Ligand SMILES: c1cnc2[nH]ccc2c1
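Next up: a single chain in structure tokens, the form deposited without the named molecule.
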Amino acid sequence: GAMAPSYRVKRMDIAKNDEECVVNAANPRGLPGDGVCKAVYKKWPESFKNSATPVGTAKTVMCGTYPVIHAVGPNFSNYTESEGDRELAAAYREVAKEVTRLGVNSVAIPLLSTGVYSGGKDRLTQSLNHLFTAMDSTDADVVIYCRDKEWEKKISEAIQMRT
């Protein structure tokens, strides 16, 4: 584990991360997909062998020795707010178990269900709070990746508020 476990946020492509493993915002069928998923497919295509897994779960596949944790958040266009919220919290809990099992000192993570699976809604606070709920008990350095300038500022404010 990290000597002083921390949270940080960076606004850039998660495929260029400087962490010991990456979390993919995966689809249930292990397809190349869009957004973060398509960038992860271009960088670590080997990690998509048998990566299909149900909504609310995480499945790790190695690309060489580099772990790619495929986490499947719900698509809020299909789920109700109540059941989608429950599946989103569950996907993050499974990411925390995988990060712990791997023994890594750092992990690059995107905000699950905030892109095309958001159902056209702003889910920054909802997704980030479920990320914190799951990762707070781990000792890995967590680096959150985003692409929007205003989202970078809001995630940074939320991290600093708790310190």
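Just count from 1 along the sequence shown to find any residue number.
Thinking about Cα B factors across the chain, which third does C63 belong to?
According to the entry, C63 has a C-alpha B-factor in the chain's middle third.
Considering only modelled residues of the same chain, in which third does the CA B-factor of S127 rank: lowest, middle or highest?
Its C-alpha B-factor, which the entry lists for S127, ranks in the lowest third among residues of this chain.
Third assignment of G35 from its chain's C-alpha B-factors:
For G35, whose C-alpha B-factor we compare with every modelled residue in the chain, the answer is the highest third.
How does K97 rank on Cα B-factor within its chain, lowest, middle or highest third?
Lowest third - that is where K97 ends up once the chain's C-alpha B-factors are sorted.
Chain-wide C-alpha B factor ranking for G119, given as lowest, middle or highest third:
Highest third, going by the recorded CA B-factors of the chain.
Below: the form deposited with the named molecule bound, not depicted.
Would you check, heavy atoms only and a 4.5 Å threshold, whether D139 touches the named molecule in the bound PDB entry?
So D139 does not count as contacting the named molecule.
Counting only non-hydrogen atoms and a 4.5 angstroms cut-off, does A96 reach the named molecule in the bound PDB entry?
It does not: once the named molecule is placed as it appears in the bound PDB entry, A96 has no heavy atom within 4.5 Å of it.
In the bound PDB entry, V36 touching the named molecule (heavy atom, 4.5 Å):
Contact with the named molecule, yes.
Taking heavy atoms only, is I14 within 4.5 angstroms of the named molecule in the bound PDB entry?
Within the cut-off, so yes.
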